[PDB]
Each structure stands twice: as C-alpha cells, then as structure tokens.
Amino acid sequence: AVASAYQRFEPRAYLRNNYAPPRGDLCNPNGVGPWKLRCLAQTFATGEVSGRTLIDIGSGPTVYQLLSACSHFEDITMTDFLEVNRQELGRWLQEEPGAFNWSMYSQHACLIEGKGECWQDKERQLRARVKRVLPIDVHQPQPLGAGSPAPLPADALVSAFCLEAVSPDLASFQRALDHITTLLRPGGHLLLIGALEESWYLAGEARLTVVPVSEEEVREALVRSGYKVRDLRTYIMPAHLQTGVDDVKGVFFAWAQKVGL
C-alpha cells in the first residue's frame, strides 16, 4: 500500500534530485544521464523496435525516456499514478508556464543519435507524437483502464524507475511486471530502466520505500514474465552522483521482447 506515501510526492523536488546537476549535468559522459540516453539511443538505432503505438508506464514528470523513442512511433501514450505529475507533464507538452527544462537532455539525445537533428525539432516531434497522459496503476491486472483511449495492444513499452518504486517486495514486482506486460503485443518490445539495489529515495516531503533488486533478479523476472531478454546492462553509481536523495547503488537497462510462442 505504498500509494499513501506517493500522495506527498513533489514533482519539482523529484526532478531536482535526479535530473539537475550533478545527475542532470550531461556534460560528463560517465554520468547517469549520458548512459541512460545512450542505451535508449543504441536500442532504437538497431531498428528492431518499431511500430505505431507505444506506451510509457509510470512517466512521472519526465520526458527523457522518449526522446529517442518518439522517432519510431507515431502514437505515444504517457502515464502515471499521481495527477500532479500528469499535470507536470502537461506544462511541458503544452509549453505552459514554468515547465521543466529538458534542453540538456534533448540536445544530448540529438548528439548521440547523431542524425544531425536539432533539439527543437526532436522536442517538437515528441510533443506531437504524445497523444495523452493517462492515469495508471501498475497494481491492477488490467493496468489503469477498462476501455482506455490508448491503442491496445501497444507495439512497445517503456518504463523508467517505476516498478521497483511502487512495489514493496520482489513479489508485487513480478505481479506488477505481469500486469503492464498484458498491454504489450506478443512480439512487442519493452525498454525497462530501474534502480539497482536501492531501498528509498526522497521527493520533497515524501519518502518512498523501494525494492532493492539485482540484475539477475530483474532478469529472472523478465523471463518469468514471458520475455526474451535481448540486452541487460548495468551502470554503477559513481561517488559524485551519490548524493543524499536516495541510496541507489547502480542502474539497469533492459531490452525485453515478449516471446511469440
């Protein structure tokens, strides 16, 4: 019942604790930012993750997870439990007042994708291909929605730092993976990112309990959920990026594919 803890969840403080210097300074290439962006880039660049519809589970108030993704899917669905986040996403989608500045990220995305595109173009392609920001709950068998405006089955899935942060144990985690997995077509791809062996992280007045997980657990889970792991990489949190906003030890990136058998 973590749900009660997220109610105090402050998006502005969250973003600040994870997407501002030092973690949000994409200048140094040995950072979390460059790494996550690079994993995403390299994956889609293989051109094996392609389709029409794509869904991002547990978007929170961030967009970086779709900068490279938007290029390959015309219909995109952002999601998240807290409306405060859904609202925060909007301010950025609609270029509204005081939205969060994702420039540094957009630029580094264009830098890495090396397609020569400028960030405004990419940011515009994202805002364009993002259709709706739908409320979601990974704990429901039919993940938030009985008859959602979201095209199902989505041709692809993307989740960053969600599962481990809304599940109290490795069990709910599996159940949570199973759940969202139902939205993914039988050959669809899943790009999952998460915290490795972390157990808590601040976000303003709120204090979230998370499930410390390992690469092998994450793997076994993807498998035990019906996926065929294609790539599973792990970033180890450097010292300078270990502030007091959480206790993450490292970060994982998984390119999973729903077995078509």
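Residues carry their position along the shown sequence, with the first being 1. We call the rigid core the largest set of C-alpha positions that still match within 1.5 Å between the two forms.
Participant: Which stretch is less alike in 9 other deposited structures of this protein, 144 to 152 or 101 to 109, counting RMS CA distance after the rigid core is superposed?
Facilitator: Looking at 144 to 152 versus 101 to 109 in 9 other deposited structures of this protein, the farther one turns out to be 144 to 152.
Participant: Which of 198 to 206 and 212 to 220 lies farther, on average, from the shown form in 9 other deposited structures of this protein once the rigid core is superposed (C-alpha RMS)?
Facilitator: Higher root mean square deviation of C-alphas in 9 other deposited structures of this protein is shown by 198 to 206.
Participant: Would you mind comparing 140 to 148 and 124 to 132 for me and telling me which has the higher average C-alpha temperature factor in the entry?
Facilitator: Comparing averages over the C-alpha atoms only gives 140 to 148.
Participant: Return whichever of 230 to 238 and 214 to 222 has the greater mean Cα B factor according to the PDB record.
Facilitator: Comparing averages over the C-alpha atoms only gives 214 to 222.
Participant: In the PDB entry, which of 53, 42, 68, 30 has its C-alpha at the highest B-factor?
Facilitator: Comparing C-alpha B-factors across 53, 42, 68, 30, the maximum falls on 53.
Participant: From 180, 104, 112, 163, can you pick the one with the highest C-alpha B factor in the entry?
Facilitator: Most elevated C-alpha B-factor of the set, per the entry: 180.
Participant: If you rank every modelled residue in this chain by C-alpha B factor, which third holds residue 198: lowest, middle or highest?
Facilitator: According to the entry, residue 198 has a C-alpha B-factor in the chain's lowest third.
Participant: Which third, lowest, middle or highest, does the CA B-factor of residue 26 fall in along this chain?
Facilitator: It belongs to the lowest third of the chain when residues are ordered by C-alpha B-factor.
Participant: How does residue 49 rank on Cα B-factor within its chain, lowest, middle or highest third?
Facilitator: According to the entry, residue 49 has a C-alpha B-factor in the chain's highest third.
Participant: Within this chain's modelled residues, let me know which third the CA B factor of residue 116 belongs to: lowest, middle or highest.
Facilitator: Its C-alpha B-factor belongs to the lowest third of this chain's values.
Participant: Is the Cα B-factor recorded for residue 86 in the lowest, middle or highest third of its chain?
Facilitator: As the PDB entry reports it, the C-alpha B-factor of residue 86 lands in the middle third of its chain.
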